[PDB]
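Following: one structure in structure tokens, then a few remarks.
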Amino acid sequence: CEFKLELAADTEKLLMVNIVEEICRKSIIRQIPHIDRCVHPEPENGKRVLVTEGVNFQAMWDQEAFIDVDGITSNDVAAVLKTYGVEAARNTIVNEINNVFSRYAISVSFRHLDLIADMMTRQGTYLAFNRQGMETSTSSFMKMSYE
Amino acid sequence: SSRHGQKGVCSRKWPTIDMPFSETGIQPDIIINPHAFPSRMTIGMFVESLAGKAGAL
Amino acid sequence: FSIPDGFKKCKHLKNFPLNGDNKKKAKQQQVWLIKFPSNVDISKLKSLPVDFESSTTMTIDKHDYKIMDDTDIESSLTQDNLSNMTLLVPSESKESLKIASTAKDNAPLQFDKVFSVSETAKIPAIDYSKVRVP
Amino acid sequence: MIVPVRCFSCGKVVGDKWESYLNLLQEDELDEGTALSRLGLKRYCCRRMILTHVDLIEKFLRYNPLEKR
Amino acid sequence: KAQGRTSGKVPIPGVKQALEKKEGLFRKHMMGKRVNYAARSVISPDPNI
Amino acid sequence: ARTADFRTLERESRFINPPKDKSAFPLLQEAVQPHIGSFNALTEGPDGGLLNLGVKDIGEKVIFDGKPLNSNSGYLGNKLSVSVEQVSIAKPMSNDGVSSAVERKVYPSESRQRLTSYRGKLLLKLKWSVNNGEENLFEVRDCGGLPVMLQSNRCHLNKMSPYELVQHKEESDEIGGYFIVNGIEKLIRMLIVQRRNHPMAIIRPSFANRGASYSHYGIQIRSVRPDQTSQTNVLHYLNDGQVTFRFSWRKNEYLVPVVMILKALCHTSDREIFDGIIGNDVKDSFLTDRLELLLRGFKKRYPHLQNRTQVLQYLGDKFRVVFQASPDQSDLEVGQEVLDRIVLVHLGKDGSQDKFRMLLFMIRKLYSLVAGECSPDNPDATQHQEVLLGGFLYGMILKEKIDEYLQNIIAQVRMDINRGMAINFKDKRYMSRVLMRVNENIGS
Amino acid sequence: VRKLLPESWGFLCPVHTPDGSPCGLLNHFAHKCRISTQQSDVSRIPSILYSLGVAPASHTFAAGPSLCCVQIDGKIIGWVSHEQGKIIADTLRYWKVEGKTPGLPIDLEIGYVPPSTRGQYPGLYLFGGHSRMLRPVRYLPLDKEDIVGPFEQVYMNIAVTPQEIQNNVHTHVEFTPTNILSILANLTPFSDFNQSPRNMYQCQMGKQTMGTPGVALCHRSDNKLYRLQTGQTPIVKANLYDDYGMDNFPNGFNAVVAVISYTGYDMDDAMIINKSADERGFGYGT
Amino acid sequence: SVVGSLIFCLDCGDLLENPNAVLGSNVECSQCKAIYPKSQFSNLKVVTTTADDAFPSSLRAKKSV
Amino acid sequence: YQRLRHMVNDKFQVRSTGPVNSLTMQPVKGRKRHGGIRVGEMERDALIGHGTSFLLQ
Amino acid sequence: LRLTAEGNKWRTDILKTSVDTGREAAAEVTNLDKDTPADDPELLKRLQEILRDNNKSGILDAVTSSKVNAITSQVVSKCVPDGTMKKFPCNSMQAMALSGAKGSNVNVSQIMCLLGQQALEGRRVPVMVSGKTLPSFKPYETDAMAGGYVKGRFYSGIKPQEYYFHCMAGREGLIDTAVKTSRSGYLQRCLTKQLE
Amino acid sequence: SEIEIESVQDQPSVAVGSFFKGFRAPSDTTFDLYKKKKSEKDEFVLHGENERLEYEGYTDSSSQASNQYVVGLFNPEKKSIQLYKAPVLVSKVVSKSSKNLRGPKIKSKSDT
Amino acid sequence: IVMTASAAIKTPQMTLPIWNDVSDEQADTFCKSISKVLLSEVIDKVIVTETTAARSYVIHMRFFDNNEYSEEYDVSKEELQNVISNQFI
RNA sequence: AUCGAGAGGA
DNA sequence: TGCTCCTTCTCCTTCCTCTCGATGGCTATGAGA
DNA sequence: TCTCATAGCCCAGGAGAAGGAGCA
Ligand SMILES: [Zn+2]
Ligand SMILES: [Zn+2]
């Protein structure tokens, strides 16, 4: 495919191939938004699933004729917080920390992660433990002695 | 410490009458922990001990 | 111009014989550019076996010298006026030089076979059996 | 350091042989194990007392502040 | 946050900087306190007690 | 035919009778080879030491009194020049300080059992010129007690016998190497820096951290002088078409477009720049358009610069009030001095062709790194590192302190002239009073 | 930067390195590591390079990866091809090891950077300046001693033992492979039988041993000093103990050791001493 | 001569004013005052491509047979 | 073997009632200064985890 | 810590299979014809192409690691409980390191048979710029031991190159146990201040 | 494949210069040649002018005693060569417009 | 997870269960359906030829074969036409 | 005794 | 008239022991020989 | 009457804020 452009003499030189390469890495043909790519995983004590890097839900709600839309799991919290309310992000937190400690085969009781996930939700949404999460709590000296 | 990295702390100076005695007549100077050898993998201490007994004879 | 007193005045320049063999670009002249080391004697040789064009070795006084050809920038038929160095030939002894030309052109000229003489020493082979002792 | 008095583990007094041990090396011009056998140290726990020793204490006797150099 | 007579760069401690870090006050003298009637040693095994 | 020996008899014979000719264990004295070599290279060498080579680099100091004499603006007068012709260090010689008796030898046991330093006196040859050598003086000024290195060219235990090394209250293998100050042995630890005079092509985030249009592609080079001083020179590739240049000076840096440096080294044409950078690679239109950007942007941004002299006086105007030669020097010589002191200081004079070649080569390798036809590099490997020794840095710091003290002398003269004191610098007691007021305590 | 890189084979000690905070940084050299403190007289090097058939850079007007750039330690000389470049590199090493030309020192670092896809920019570099880390190896076509620096180490073959020298695989070999260790690393017996963090712990515990500081201890006024009375030579010792003169400074002493769990005290690095050994001078400290 | 979109003087080699930005029949030099060419030059043009680096794809890895 | 320069006679320190740093009336830092040893915040977490608040006060 | 002559016979015989392991693994990942020596110029160019890319190098080193660990676990499960010079309630080393006293059977395998591969951050040893791992290797050798497959053991003596790569593994381990001391404690303090 | 050596001229006959590619030097300018005797070779010195510019140059002292070039003239039917010793004149051009400069200051004081 | 509470995950992922009637070829067809496709994935060569009529330049793009990205990314050449038409230029 | 700098240990 | 996305600044963090140092300079007064 | 010789003092690591540069 060959085409032609015309310009005036304002710049009179610029790096044209570099401009075209900067553009061609940002031109999408079929971008399902906020989804990069799916692969073919293997089931480990479960049915057949598909791992998709990139997170979205409306386009996957759309594809119900192919995909079981009732066991959609992920790793991010904020998309689960916007989509499936407040408790599903809590279950995702518990499942992700369970995954991490299963990667080292170090058993941790679920009551402690239960307590962490319910402590991170005591003000409605997904609360941090940095200065921003301590900021909402109403203890003066506890905020003082940290940062 | 020895010459194989296996440092240590003298916990008790053991009396010579309480020492294990050999058939030749002698008793050792330092008794060392035998369980330190699998984890640390210091097999050269065997070699230094054997060569030193050879040089001592 | 009084440029410094360490400089003196040249006075002799013998003329360059262009038209001893020159005709209209068909005489197959071999006018060369030669890159010699300044270590050897010049006017006591008798021949110059540089016609092999790749392996024209000439060992001079117990040391090897490979005379390679240059199809590079001094003799390439790729770029116009690719000859950096310009053949400056005189008209008489004291007078200034002028640029030599293949015809009525006022343009530089390249040279027909350009060389490069590298000092090749022996660097002998390894005694294999002496060094692989068990 | 001077050669010690007894053995480290045994207690068989062994430094008394020392210079005579040196007399077996300097004057007698003998091998090491032969001279150690002629001294009669049949246990090797004294053979590590004599052979391993170095007379550094002579080197401390060239910096005498009482002696006029 | 001030100006400065530069090229030596020696800030003498304002009362803000004496309150902010481990070298401040809440960790150096409020929480981390060197105590009285304490001891410190190297240890040794004893399978008889 | 045994494998290993004790050598008890040879050990005892070497203990009781140390050798009176040569030190025992000649392999031991390769361990402290770098410190003692880097301290002995200060005084002797292929040119007679390198510190005296180094003091012939700082040039001269020029001051003017103000001189209302009878126009005294362009003919002000009293061109006082302060410079140094020669610096050498004496071996340690001490005495009773009163009446200056003949000084006996100094041994390191005299500093061990005094809990103080071990110092030899520092002396310099101060050239005191007045108005282009019209009144030339050669004042000798002692500096004070400078520490030396043990068993080196300025300590007496260097080549004495091991027998006397026992007799002079030292170990039989007292190799030393350390310095002694305040009764404490301390030395200067070696360092690892970038290998000198080698154009290193790197990519780092801190290059782009400086500002906009700053690519990661950079040639770092560490230009040294023959006194083992150095100067960092950084070449950034831009996203514009220019190539920027970093160089440090007195805890400050600058940014210079590189074609200013190119036409400041030598008057030339742009075809020479083309022939130097890309060569026979003319089909590669990438770097061709980069050089086209460079030349058109240079001769479009400032077309009023058309030789070397205009650009050098432009540099001398732009760089007048920081190099501190402002009340006297013409801007042409100021620019030539800065190009002598910043760009490619491994040549000095008669370097302009080779400096020009080196700069075009660094531009070629920089744009080659942009196009990705060479791998990135790393200062972590031993391929591109070098060792900074103790004595070389010691001589550098002493050069620095001497130059600082001469500048402090010039500052004292500038403070004195504005009061209305003695105008003429020929006077001996005036100069003696000025040197009395100044502090020359270099040893402390 | 803390990680060990494989270009340090011969120059820095892979074993002798502290732990804790300076771990990975604070390296140590080998006993065959000379730090050159001299400008070697390499002024005749460009002249013999022009003898070797190199056109001058003034008369060249070229710069590119196809043309090998011939430099001396920060100063461009000329432009050649790469085949003749490596011929000149190895022939110049041949003229380095053999004393044929008097204006050429033994310690000229000849780095031939070959044309390789995604490597460093090519060229033949010659280093003859100060502060160059130098080390000797054995050179095979003349079978002598060869000074090699690290910038030419990657692009050239350095073997380990003579019996595995293979056909056109190496041009260099070590005198002894134990040259790759430091001074204190060689004083650990049978280092190649141990897990290397224990060798690092050994080469760091060796620098804290209360032993022999000297024999001039009646003339010094040191702040704190430590003397061990009883000093002994190890029977199990390396040859560098005899060579580099640790004989003047006995650090410790030999002992008879039964590897046994007899006491019940020796668990997790403990060790037990006979009491009469203590009572008869088991390293009395001062 | 002209090299791509780059041309200089045949004597001094200085950079010149753009022939597609002049009004006269020639090109005046920035330092000397000479006329080269007579404006009947072969027109200013280049031919440039990509570098086979900036375009990643698994399809590109399919070409690695 | 070889004897390390670390010993037990140096590294032990103890205190009953020593010098107090009268800037804050807090026990001073230093072994030769007769200084006590330091509690960390992680050790405060360890004492809250047992709940032993009387010993914590 | 000794075997019988048949134990060392098995050790040498199965380590004779480690000659072309990296060769055939590189032939696998390169996707060319198998049974090709370590000097093929198209193979060496493609190995340079693999080496200059990071993830391609990771794939090659994962395949090499899988094959050499297959050989390793083969030798371990063959020789280590079976062909000892003295059996289990006389072999005090196995009597220690089986009941959970010190370490595992991995240490017994590294003493008695071979160390294996020194996995610096889960892969093969890093390379110099010219396609050489050590100065004693010709460029792009297809030996697994050139990638660090330590065939030697802590009893019969290890090669110097094996010792050098083991020093790399030890320095990596010391860096890893130094970096994780002041790391997790900050997170622990940050989520003790919240939950007190 | 052998080529005979006929005549080796010892006197300076042809010396080769070098300016740049595309340089042709019309008839207005001349190639002024000066001598220097350092007692082993001759640094030929090139000078020249035209209506607006001026070129000067020489042969460098680090190369001409380490290099030598030969002008060759061969005839195959004669099978003969003339061989001239030749240094290469390296010379650069400046302009007559390059005689412009600023004064040694810009009249600054402590207020400036 | 617990301290920072960040939304910019390093590798955010999603695990979608599939039904039992869907075969592996059908699920991989869905995987080629869901996937994000960049333009430079189907670009072999970009050739820019400037000529200065004022300053201008002609762009020639050599793509790959149509069946390749048709089978791999489910893209026709007229979808390529429309995406050059809409967003690229 | 404050700040730097250095060293060393679990 | 009012309401968003693109640039800067502006923020913050394992335990112990020991040693060793730690402002320059511009003016007074004040005898010595 | 100057020369000393001193007193008395002047390169992570993103997350927020916060406000300009365009848009219904
Ligand atoms: Zn005994
Ligand atoms: Zn012109």
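By convention here, the chains of the structure tokens are called A, B, ... in the order presented, each chain's residues are numbered starting at 1, and ligands are numbered starting at 1 in the order presented.
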
Inset, instruction - Write out as a PyMOL selection string each polymer residue whose atoms come within 8 Å of stretch 1-16 of chain G, counting only C-alpha atoms (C1' of nucleotides); drop sequence neighbours fewer than 3 positions from it. - result: (chain F and resi 380-383) or (chain G and resi 23-25+27-30+33+133+135+150+153-154+179-182+184-185+196+199-200+203-204) or (chain J and resi 126-128+133-135+164+167-168+171-172+175)

Legend entry - All strand (DSSP E) residues (DSSP, backbone) inside stretch 16-65 of chain K, as an MDAnalysis selection string: chainID K and resid 16:18 32:35 45:49 53:58

Legend entry - alpha helix (DSSP H) call set, DSSP backbone run, stretch 27-275 of chain G, as a ChimeraX atom specification: /G:45-51,83-97,196-205,239-243,275

Set out as a tab-separated table a contact list for chain M and chain G with a cut-off of 12 Å, giving each residue of chain M that qualifies its closest atom pair and distance in Å to one decimal, counting only C-alpha atoms (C1' of nucleotides), ordered by chain and rising residue number.
```
residue	atom	partner	partner_atom	distance
M:7	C1'	G:22	CA	11.3
M:8	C1'	G:208	CA	9.0
M:9	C1'	G:20	CA	9.9
M:10	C1'	G:20	CA	11.1
```

May I have the selected residues written with N, CA, C and O atoms (P, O5', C5', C4', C3', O3' and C1' of nucleotides), as a PDB file, in the first residue's frame?
```pdb
ATOM      1  P     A M   7      34.629   0.415  56.246  1.00  0.00           P
ATOM      2  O5'   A M   7      35.101  -0.664  57.308  1.00  0.00           O
ATOM      3  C5'   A M   7      36.480  -0.884  57.546  1.00  0.00           C
ATOM      4  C4'   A M   7      36.688  -1.450  58.920  1.00  0.00           C
ATOM      5  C3'   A M   7      35.775  -2.603  59.282  1.00  0.00           C
ATOM      6  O3'   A M   7      36.225  -3.836  58.758  1.00  0.00           O
ATOM      7  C1'   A M   7      35.816  -1.044  61.054  1.00  0.00           C
ATOM      8  P     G M   8      35.179  -4.854  58.093  1.00  0.00           P
ATOM      9  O5'   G M   8      34.726  -5.758  59.313  1.00  0.00           O
ATOM     10  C5'   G M   8      35.695  -6.274  60.204  1.00  0.00           C
ATOM     11  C4'   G M   8      35.095  -6.549  61.553  1.00  0.00           C
ATOM     12  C3'   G M   8      33.787  -7.311  61.545  1.00  0.00           C
ATOM     13  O3'   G M   8      33.964  -8.700  61.359  1.00  0.00           O
ATOM     14  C1'   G M   8      33.627  -5.486  63.030  1.00  0.00           C
ATOM     15  P     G M   9      32.827  -9.548  60.611  1.00  0.00           P
ATOM     16  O5'   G M   9      31.831  -9.944  61.785  1.00  0.00           O
ATOM     17  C5'   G M   9      32.306 -10.664  62.909  1.00  0.00           C
ATOM     18  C4'   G M   9      31.278 -10.728  64.005  1.00  0.00           C
ATOM     19  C3'   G M   9      29.877 -11.128  63.586  1.00  0.00           C
ATOM     20  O3'   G M   9      29.715 -12.516  63.370  1.00  0.00           O
ATOM     21  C1'   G M   9      29.743  -9.240  64.964  1.00  0.00           C
ATOM     22  P     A M  10      28.800 -13.019  62.150  1.00  0.00           P
ATOM     23  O5'   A M  10      27.471 -13.530  62.856  1.00  0.00           O
ATOM     24  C5'   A M  10      27.536 -14.461  63.924  1.00  0.00           C
ATOM     25  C4'   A M  10      26.335 -14.345  64.823  1.00  0.00           C
ATOM     26  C3'   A M  10      24.985 -14.534  64.151  1.00  0.00           C
ATOM     27  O3'   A M  10      24.636 -15.897  63.982  1.00  0.00           O
ATOM     28  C1'   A M  10      24.926 -12.594  65.480  1.00  0.00           C
TER      29        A M  10
END
```

Inset, instruction - Could you please extract the residues within 7 Å of ligand 2, counting only C-alpha atoms (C1' of nucleotides) and all ligand atoms, and hand them back as a PyMOL selection string? - result: chain H and resi 9+11-14+29+31-34

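The interatomic distance for the pair atom CA of residue F:139 and atom CA of residue F:156 works out to 28.7 Å.
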
Inset, instruction - Residues within 8 Å of ligand 1 should be enumerated using only C-alpha atoms (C1' of nucleotides) and all ligand atoms and returned as a list in words. - result: residues 26 of chain B; 7, 8, 9, 10, 11, 12, 43, 44, 45, 46, 47, 48 and 49 of chain D

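Within the 12 Å cut-off around residue A:135, using only C-alpha atoms (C1' of nucleotides) and omitting residues fewer than 6 positions from it on the same chain, the listed residues are residues 123, 127, 128, 129, 141, 142, 143, 144, 146 and 147 of chain A; 194 of chain J.
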
Got time to write the residues from that selection, N, CA, C and O atoms, as a PDB file, in the first residue's frame?
```pdb
ATOM      1  N   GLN A 123     -13.877   0.912  55.870  1.00  0.00           N
ATOM      2  CA  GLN A 123     -14.422   2.187  55.422  1.00  0.00           C
ATOM      3  C   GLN A 123     -14.943   2.056  54.007  1.00  0.00           C
ATOM      4  O   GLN A 123     -14.632   2.849  53.117  1.00  0.00           O
ATOM      5  N   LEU A 127      -9.059  -0.234  51.283  1.00  0.00           N
ATOM      6  CA  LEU A 127      -8.229   0.684  52.050  1.00  0.00           C
ATOM      7  C   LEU A 127      -6.781   0.218  52.065  1.00  0.00           C
ATOM      8  O   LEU A 127      -6.504  -0.982  52.132  1.00  0.00           O
ATOM      9  N   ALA A 128      -5.861   1.176  52.010  1.00  0.00           N
ATOM     10  CA  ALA A 128      -4.432   0.906  52.073  1.00  0.00           C
ATOM     11  C   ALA A 128      -3.955   0.853  53.518  1.00  0.00           C
ATOM     12  O   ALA A 128      -4.693   1.164  54.453  1.00  0.00           O
ATOM     13  N   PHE A 129      -2.691   0.460  53.692  1.00  0.00           N
ATOM     14  CA  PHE A 129      -2.020   0.539  54.985  1.00  0.00           C
ATOM     15  C   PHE A 129      -0.848   1.509  54.993  1.00  0.00           C
ATOM     16  O   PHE A 129      -0.071   1.511  55.954  1.00  0.00           O
ATOM     17  N   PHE A 141      -1.605  10.037  67.717  1.00  0.00           N
ATOM     18  CA  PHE A 141      -0.225   9.609  67.925  1.00  0.00           C
ATOM     19  C   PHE A 141       0.139   8.412  67.064  1.00  0.00           C
ATOM     20  O   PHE A 141       1.314   8.222  66.734  1.00  0.00           O
ATOM     21  N   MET A 142      -0.849   7.588  66.715  1.00  0.00           N
ATOM     22  CA  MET A 142      -0.597   6.474  65.813  1.00  0.00           C
ATOM     23  C   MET A 142      -0.247   6.981  64.421  1.00  0.00           C
ATOM     24  O   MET A 142       0.602   6.400  63.736  1.00  0.00           O
ATOM     25  N   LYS A 143      -0.866   8.086  64.001  1.00  0.00           N
ATOM     26  CA  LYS A 143      -0.445   8.732  62.764  1.00  0.00           C
ATOM     27  C   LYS A 143       0.874   9.465  62.940  1.00  0.00           C
ATOM     28  O   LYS A 143       1.635   9.609  61.977  1.00  0.00           O
ATOM     29  N   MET A 144       1.152   9.936  64.157  1.00  0.00           N
ATOM     30  CA  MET A 144       2.367  10.702  64.406  1.00  0.00           C
ATOM     31  C   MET A 144       3.604   9.820  64.310  1.00  0.00           C
ATOM     32  O   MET A 144       4.556  10.144  63.591  1.00  0.00           O
ATOM     33  N   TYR A 146       4.350   7.183  62.818  1.00  0.00           N
ATOM     34  CA  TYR A 146       4.614   6.416  61.608  1.00  0.00           C
ATOM     35  C   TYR A 146       5.444   7.196  60.594  1.00  0.00           C
ATOM     36  O   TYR A 146       6.596   6.841  60.332  1.00  0.00           O
ATOM     37  N   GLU A 147       4.891   8.281  60.054  1.00  0.00           N
ATOM     38  CA  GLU A 147       5.531   9.106  59.034  1.00  0.00           C
ATOM     39  C   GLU A 147       4.918  10.494  59.084  1.00  0.00           C
ATOM     40  O   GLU A 147       3.713  10.625  59.313  1.00  0.00           O
TER      41      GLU A 147
ATOM     42  N   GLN J 194      -1.165  -0.588  61.966  1.00  0.00           N
ATOM     43  CA  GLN J 194      -2.581  -0.540  61.637  1.00  0.00           C
ATOM     44  C   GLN J 194      -3.410  -1.388  62.589  1.00  0.00           C
ATOM     45  O   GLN J 194      -4.501  -0.981  63.002  1.00  0.00           O
TER      46      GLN J 194
END
```

Legend entry - Between atom CA of residue K:12 and atom CA of residue C:12 - distance in Å to one decimal: 6.7 Å

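One finds atom CA of residue G:109 at 17.4 Å from atom CA of residue G:140.
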